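Colleague: Sending over a structure as structure tokens; questions will come in a sec.
Here the Cβ positions follow ideal geometry from the backbone for every residue, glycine too, while neighbour counts run over all protein chains shown. What follows is calculated from the coordinates using simple rules that are stated; it is not laboratory data.
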Amino acid sequence: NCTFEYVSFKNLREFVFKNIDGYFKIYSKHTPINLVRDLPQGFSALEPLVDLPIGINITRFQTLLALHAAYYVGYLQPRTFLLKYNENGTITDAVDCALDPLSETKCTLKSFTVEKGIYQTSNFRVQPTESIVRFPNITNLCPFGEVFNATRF
Amino acid sequence: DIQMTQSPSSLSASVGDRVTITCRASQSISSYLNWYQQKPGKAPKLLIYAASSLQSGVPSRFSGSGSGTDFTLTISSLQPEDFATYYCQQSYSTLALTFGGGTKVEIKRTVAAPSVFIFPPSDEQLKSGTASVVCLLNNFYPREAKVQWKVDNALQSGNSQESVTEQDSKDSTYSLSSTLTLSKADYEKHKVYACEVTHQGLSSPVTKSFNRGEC
Amino acid sequence: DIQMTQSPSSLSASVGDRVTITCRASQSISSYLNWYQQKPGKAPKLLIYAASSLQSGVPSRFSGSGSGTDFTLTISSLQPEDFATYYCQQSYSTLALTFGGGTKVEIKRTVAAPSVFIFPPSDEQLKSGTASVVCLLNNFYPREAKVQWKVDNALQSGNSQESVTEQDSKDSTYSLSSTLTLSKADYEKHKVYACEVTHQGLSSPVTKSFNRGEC
Amino acid sequence: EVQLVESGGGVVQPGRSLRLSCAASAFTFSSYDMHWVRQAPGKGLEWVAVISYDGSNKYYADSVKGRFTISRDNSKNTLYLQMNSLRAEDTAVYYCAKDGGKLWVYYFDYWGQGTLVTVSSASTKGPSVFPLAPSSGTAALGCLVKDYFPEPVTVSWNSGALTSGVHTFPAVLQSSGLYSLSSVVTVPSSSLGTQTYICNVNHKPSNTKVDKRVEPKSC
Amino acid sequence: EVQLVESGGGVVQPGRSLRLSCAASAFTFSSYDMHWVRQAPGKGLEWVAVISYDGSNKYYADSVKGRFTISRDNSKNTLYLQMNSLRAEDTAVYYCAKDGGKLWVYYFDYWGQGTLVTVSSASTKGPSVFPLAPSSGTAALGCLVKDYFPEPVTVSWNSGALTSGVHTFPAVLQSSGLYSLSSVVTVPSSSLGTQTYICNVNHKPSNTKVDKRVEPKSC
Amino acid sequence: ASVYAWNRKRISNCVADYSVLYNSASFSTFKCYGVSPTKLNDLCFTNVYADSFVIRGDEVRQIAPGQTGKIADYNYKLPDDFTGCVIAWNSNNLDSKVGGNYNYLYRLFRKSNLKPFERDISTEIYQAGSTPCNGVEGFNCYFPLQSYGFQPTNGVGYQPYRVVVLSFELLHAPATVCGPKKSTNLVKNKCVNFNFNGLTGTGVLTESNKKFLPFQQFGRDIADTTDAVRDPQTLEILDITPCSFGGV
Ligand SMILES: *[C@@H]1O[C@H](CO)[C@@H](O)[C@H](O)[C@H]1NC(C)=O
Ligand SMILES: *[C@@H]1O[C@H](CO)[C@@H](O)[C@H](O)[C@H]1NC(C)=O
Ligand SMILES: *[C@@H]1O[C@H](CO)[C@@H](O)[C@H](O)[C@H]1NC(C)=O
């Protein structure tokens, strides 16, 4: 029961898979690196590769290994990023609007340079912790006792 | 192919009655049934499509329902302008569109006893060579009246042809004219010509008979 | 306590008919009457509450009415999915809740004459010691058919038990199997075993009889 | 407001060819598939042909496949039906209908008044008018317009003076290929010798006007 | 969207105890009084028990008062019905229902699928399959699955090949405490010696599978 | 392919050109259920299945919902909610031999009727009698398959007919199959109403010197309003200038 088919260390290969409205978007980016211990530090933008109209509900996944290579996995979240497009339309840097107060100020001012000064960025409201309910403690009680326990009927 | 049976063949109802008509299909059709209305002589007009959709400009009292093989068209309150013929047509088999037999709705009234008249062939017609005997049933309701021809006490079938007028606008009664047509030679070969009428308003069959060339 | 008499015990109607079911209470209940529906095998489902309140998600064609002791449930236009058993339940005596007898609605059709078959006890059963005579009425409508057992022209009552299937999905006809069970000694004590069937579609009772040990 | 007018219908002999034309108005004729539907005299409706909105697809029922042809001129907003090699079964009223296109399948939204088409191998003939006299509580008399073709024929009593009690039965196509019709009128038995009853029959296709007297049988 | 699931029903001897559990989902279980209502096989509905929303008030009908007990765990959203000292009258399908609380009176808002509880003093027994041969316009044959307990028993013809014309009568609880069932099938009288008819009866509770041949009587 | 092993082909992720069904008038029989062919080339479908096989003319009417017979029951079946089309045309010139073409086989016996879109190719010996057939033929043990007799002189009712059943399935997923889309010539330097891949607007399209990235399809300004686009057919960047307006 198939509903689709398609056919077309030294390398750091990044990929991003995400499902939106039944469309499976795959972005990718291959770069040369010289580091085996951990992810090389630096900024590189990922450009899309595929938009498969599979329309599947995905909640788990797995990898496939060639048996006769470590790999890293991160989870995406709905964040707001300030992206800088250079002249040719390529992303050269990005700022995360929730990483720390400096980045919040950057996103508020829509700039990567913040002039010396004080900037009002956010509001702040303390939420209530617990509820309190108070009603007067009963003083007069309806006399059901003398009706059920009456000495004589 | 797909055969659509529409029932009843014809029903009698009064104004304001909740009329219902059924339409059945030989095989299953999802929701591809449509109801059209046609007055006598006038062109058909659309009432319901997809069997659950009221066409724009149609009174709300009409409603279609049903799925699979059986469908129903219901008029909550009958109106004088609703006495017409309704056709149910399927659309599932796109290039084999078929329309239903139809269900004429007549004006309900009391049973009217037919008036039976028997007219022998005119001498002018006998001069040509043919002979026609005319049996006229007048002012009866409902239209279901059996007309039988007897020649020398022998039943005749296929020798005549009938024609029925529409329900009357004044008394809502019907008229039927049975014309027993034959040749001159067959006309003199027999003496007695009779027309028997059996109607719901007749306690017993009524026979109007005449002997040839006696007057 | 409160007894709820629901009528009719069983009614026959066709699709699109305006069905009405009555429910009477021994004493007066103000507006605490409800109607529920139950298909064969399936669990009951709520239709009406307070006798004048349509439950959410129910077709509007169901309507409850009445106050005091007599209440009525009306379906303006019957539908194929509306063939079920309807119960009326009073809620006045909250801690003495009671339900009505029920009114099964069957599919109306033409009268079907039962086919009567008589099967004597099998020799294998006679080996065990018991003997069962099977009288089968097949393909009849309505289900009201009287089945009587006769042994040596003597009526038998309570010696058998009947079993009737639901209305058939194909021809909407019923089947009944009466099993006259007795011991071997009571089987050889008599010779003639007959089953008489009386049905609305039978002009006269039909008797199927056999003599013991004659084939 | 949608209008559809049919034209080109008439009487034609078997094996001939005819061209029906439908004119659409008050909607986009070029964006709705058009259907030709025929209704035989006295029978129900019957689907005949279908043409798509772009005039590139044509479909027909088996009864007419390889025999009729359907085309459309969107510039003129016209629909043409060429019916070649017509048989007697083709005798019917033809309508042009819009699709509507609200569903995946074909339904008919609007209909025209249609045009009649008759296929027969009989020439126009003058009607023969004969009397139907009454006898001896009212009485009923009439006239018989037999052996006429084609339809229609207009029948009146006393040059239209006698209206009430007049019943004109629909014509019946007898085995001879012509048409037979009967007109009747019921009058009181008392007024049978004084009042004069004459039936006037006019057949424009044959251009035949006949005034026939009706009198009670004498014997 | 409200769901109620019943569990814990089964077969138990008279005088024993059982625990039925109802699982509520997709609504506030703790804020609605719960009702237990039973329906005996073939009989109508009979109100049984009621428990308040807080599980503090417990009411029973006279038929079961002092014999059954109703409790609820709002933390687990579960309703427990402990039926101690069970009699034969308790054999029924039990349903848990929400109150609704829209009226001052008790009404049932939703019904679960229910759980069957059978009270009998008979052990599981293997069914006895017997033939019902036809005789000499079609014919009808069948099989009799007698003396079996508990329900149900699955009956098939020709290993499910023979479907049309097969009628399986509901089982009847005979006075012996077991169950008797009859299955029949009508076939043309012509095909009585060539076609082989074998009825397959399976009783999973007793784990008994029997294939019984059916042939016409010889005399 | 033989009817019992009716050959299934799949169509998805491609523009479906139905002109082959229109221009080809050599189709002996053609019936659509659920969908009308005229309104078919401007409607998207998730997938299309082309189930093709061979039968004789007399059996062609049997390939459709609510049909019964050897072909309908034991070799190929369709659902009662089928939504597609059925096409059939003669192949006598190709599927006939002077000595009789017997390469087409069909299932003659089967213990049960096939389920919708079920393919059965088992050659199990059919048991027609009480005696079980333990893989051997003989008394009440017949081979389930039989071969057609196709000769040039065979009658029309027995002449070979190739049948193709198209079934259009539209699931709750994006439709990869749509009909061809009509376009027009491109006019620059003139105030026109443009529509690029559903992005509509009004303006003057002019040649530009902006260098898009290979995967980028549109441009935007600070206002987010479309400022440049890329012609889908030819990869050239067009600036969009709103049509001149002002005060008189
Ligand atoms: C996928 O999951 C969502 C909710 O998790 C559900 O609404 C949707 O119906 C699912 N997709 C399909 C094809 O059922
Ligand atoms: C942008 O692209 C041009 C050629 O298209 C190239 O010369 C230039 O170096 C690029 N920008 C940068 C920052 O390299
Ligand atoms: C579209 O047409 C252009 C010519 O205007 C041609 O160069 C190009 O290759 C075509 N695209 C495809 C996918 O064939």
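Colleague: If you rotate chain D onto chain E, whose Cβ in D ends up lying nearest the axis, and how many Å away is it?
Modeller: Residue of D nearest the axis onto E, distance in Å: D:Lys102, 24.
Colleague: Counting each DSSP H run of 4 or more residues in chain C as -39500 (n - 2.57), what helix-only mean residue ellipticity at 222 nm follows after dividing by all residues, to the nearest 500 deg cm²/dmol?
Modeller: Taken over chain C, the calculation gives -1000 deg cm²/dmol.
Colleague: So which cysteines of chain D have no other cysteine's Cβ under 4.7 Å from theirs?
Modeller: When partners are defined as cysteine Cβ atoms under 4.7 Å apart, chain D leaves no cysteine without one.
Colleague: Across peptide D:104-116, how many C-beta atoms of other chains are within 10 Å of each residue C-beta, on average?
Modeller: The mean count of partner-chain Cβ atoms within 10 Å per residue comes to 6.
Colleague: Here's a follow-up. Grab the beta carbon distance between C:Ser163 and C:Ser14, set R0 = 25 Å, and tell me the FRET efficiency rounded to 0.05.
Modeller: The pair C:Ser163/C:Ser14 has a calculated efficiency of 0.40.
Colleague: Please give every one of the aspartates and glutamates within straight-line cross-link reach of D:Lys212, meaning a C-alpha to C-alpha distance under 19 Å, and leave out same-chain neighbours fewer than 8 residues apart.
Modeller: Partners within reach: B:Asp123, B:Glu124, D:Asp147.
Colleague: Please report Rg over Rh for chain D, where both radii come from the alpha carbon positions and Rh follows the Kirkwood definition.
Modeller: Working: Rg = 22.8 Å, Rh = 20.2 Å.
We get a ratio of 1.13 for chain D.
Colleague: Cα-Cα over 21 Å: which of B:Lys45/B:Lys104; C:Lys104/E:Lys98; B:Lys45/D:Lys102; C:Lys42/E:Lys65; F:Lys9/F:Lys77; B:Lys45/D:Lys76? Mind dumping the intermediate values first?
Modeller: Working: B:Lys45/B:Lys104 15 Å; C:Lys104/E:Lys98 26 Å; B:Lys45/D:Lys102 17 Å; C:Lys42/E:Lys65 28 Å; F:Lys9/F:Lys77 16 Å; B:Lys45/D:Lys76 26 Å.
Pairs exceeding the cut-off: C:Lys104/E:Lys98; C:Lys42/E:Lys65; B:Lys45/D:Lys76.
Colleague: Something else: What spacing in nm lies between the two simple spin-label points modelled at F:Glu169 and D:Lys43, each 7 Å away from Cα in the Cβ direction?
Modeller: If labels sit at F:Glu169 and D:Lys43, their model points lie 4.1 nm apart.
Colleague: Let me ask something else. Calculate the mean, over all residues of peptide D:42-54, of how many other protein chain Cβ atoms lie within 10 angstrom of the residue's Cβ.
Modeller: Numbers: counts 0, 3, 12, 10, 3, 7, 1, 0, 6, 1, 7, 3, 3.
Across the residues of D:42-54, the mean count of other-chain Cβ atoms within 10 Å is 4.
Colleague: What nm distance separates the two modelled labels at A:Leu65 and A:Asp51, each placed 7 Å from Cα along Cα→Cβ?
Modeller: According to this spin-label approximation, the distance is 3.6 nm.
Colleague: With unit charges on the beta carbons (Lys and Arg positive, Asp and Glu negative) and the dipole taken about the Cα centre of the protein assembly as shown, which residue among D:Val37, E:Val187, C:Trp35 sits farthest to the positive side?
Modeller: E:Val187
Colleague: In nm, to one decimal, how far is the modelled label at F:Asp73 from the one at E:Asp62, with both set 7 Å along Cα→Cβ?
Modeller: With each label point 7 Å from Cα toward Cβ, the separation is 6.2 nm.
Colleague: Placing the label point 7 Å from Cα along the Cα-to-Cβ direction, what are the distances from D:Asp211 to the equivalent spots in the other copies, shortest first, in nm to one decimal?
Modeller: Spelled out, the distances from D:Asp211's label point are 9.7 nm.
Colleague: Sticking with this one: How do the peptides E:73-81, A:9-17, A:75-83 rank, highest first, by the average count of neighbouring beta carbon atoms within 10 Å per residue? Could the numbers behind the result be given before it?
Modeller: On the way: E:73-81: 16.3, A:9-17: 12.0, A:75-83: 8.8.
Output ranking for E:73-81, A:9-17, A:75-83: E:73-81, A:9-17, A:75-83.
Colleague: Also, I was wondering about something else. Tell me which of B:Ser76, E:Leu103, A:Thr80 sits at the most positive position along the dipole axis of the protein assembly as shown, charges placed on C-beta atoms (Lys, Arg +1; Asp, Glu -1).
Modeller: Sorting the options by dipole projection puts first B:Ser76.
Colleague: What is the dipole size for the range E:1-71, taken about its Cα centre, with +1 at each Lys and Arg Cβ and -1 at each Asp and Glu Cβ, in debye to the nearest 20? Could the numbers behind the result be given before it?
Modeller: Values: 7 positive and 6 negative charges, 81 e Å.
Magnitude of the dipole: close to 380 debye.
Colleague: Would you mind getting me the FRET efficiency between F:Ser122 and E:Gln3? Use the beta-carbon distance for r and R0 = 60 Å, nearest 0.05. Each step should come with its number before you reach the end.
Modeller: Details: r = 43 Å, r/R0 = 0.72.
That gives a FRET efficiency of 0.90.
Colleague: At q = 0.20 Å⁻¹, what is the base-10 log of I(q)/I(0) for the range E:3-119 according to the Debye formula with one equal point scatterer per Cα and no solvent? Please give it to two decimals.
Modeller: -1.08
Colleague: About the Cα centre, and with charges only on the beta carbon of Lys, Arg (+1) and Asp, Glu (-1), how big is the dipole of the protein assembly as shown? Nearest 20 debye, please.
Modeller: Details: 115 positive and 101 negative charges, 165 e Å.
Magnitude of the dipole: close to 800 debye.
Colleague: Let me ask something additional. What is the packing order of peptides B:127-136, F:10-19, B:58-67, taking the mean over residues of other C-beta atoms within 10 Å and listing the highest first? Don't skip to the answer; put the middle values down first.
Modeller: On the way: B:127-136: 18.9, F:10-19: 13.9, B:58-67: 16.2.
Ranked by mean Cβ neighbours within 10 Å, highest first: B:127-136, B:58-67, F:10-19.
Colleague: I'd like to compare D:39-47, F:230-238: which one has the highest average count of other Cβ atoms within 10 Å, and what's the full order after that? Let's see the in-between values first.
Modeller: Numbers: D:39-47: 16.6, F:230-238: 12.9.
The peptides rank, most packed first, as D:39-47, F:230-238.
Colleague: Follow-up question, since we're still on this one. If you put +1 on each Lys and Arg Cβ and -1 on each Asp and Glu Cβ, how big is the dipole of the range F:168-235 around its Cα centre, in Debye rounded to 20?
Modeller: Numbers: 8 positive and 6 negative charges, 47 e Å.
In total the dipole reaches around 220 debye.
Colleague: Just the isolated ones, please: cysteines in chain F lacking another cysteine beta carbon under 4.7 angstrom.
Modeller: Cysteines of chain F left without a disulfide-compatible partner: F:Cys14.
Colleague: Got a sec? Charge dipole of the protein assembly as shown, +1 on Cβ for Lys and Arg, -1 for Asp and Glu; which of D:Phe68, C:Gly16, B:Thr173 is way out at the positive end?
Modeller: So the residue we want is D:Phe68.
Colleague: Per DSSP H run of n ≥ 4, the term is -39500 (n - 2.57); total these for chain A, divide by its residue number, and report the mean residue ellipticity at 222 nm rounded to 500 deg cm²/dmol. Numbers along the way, then the final one.
Modeller: On the way: 2 runs with 13 residues, N = 153.
Computed mean residue ellipticity for chain A: -2000 deg cm²/dmol.
Colleague: Could you give the radius of gyration (one decimal) and Dmax (whole number) of the Cα atoms in the range C:7-141, in Å?
Modeller: 20.5, 63
Colleague: Another one. Which whole number gives the average count of other chain Cβ atoms within 10 Å of the Cβ atoms across peptide F:27-38? Intermediate results must be reported in sequence, preceding the final value.
Modeller: Values: counts 0, 0, 2, 3, 6, 8, 9, 9, 4, 14, 6, 14.
Per residue, the average neighbour count from other chains is 6.
Colleague: Compute the label-point distances linking C:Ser204 to its equivalents in the other copies; points lie 7 Å from Cα along Cα→Cβ; give nm, one decimal, shortest first.
Modeller: Ordered by increasing distance: 2.9 nm.
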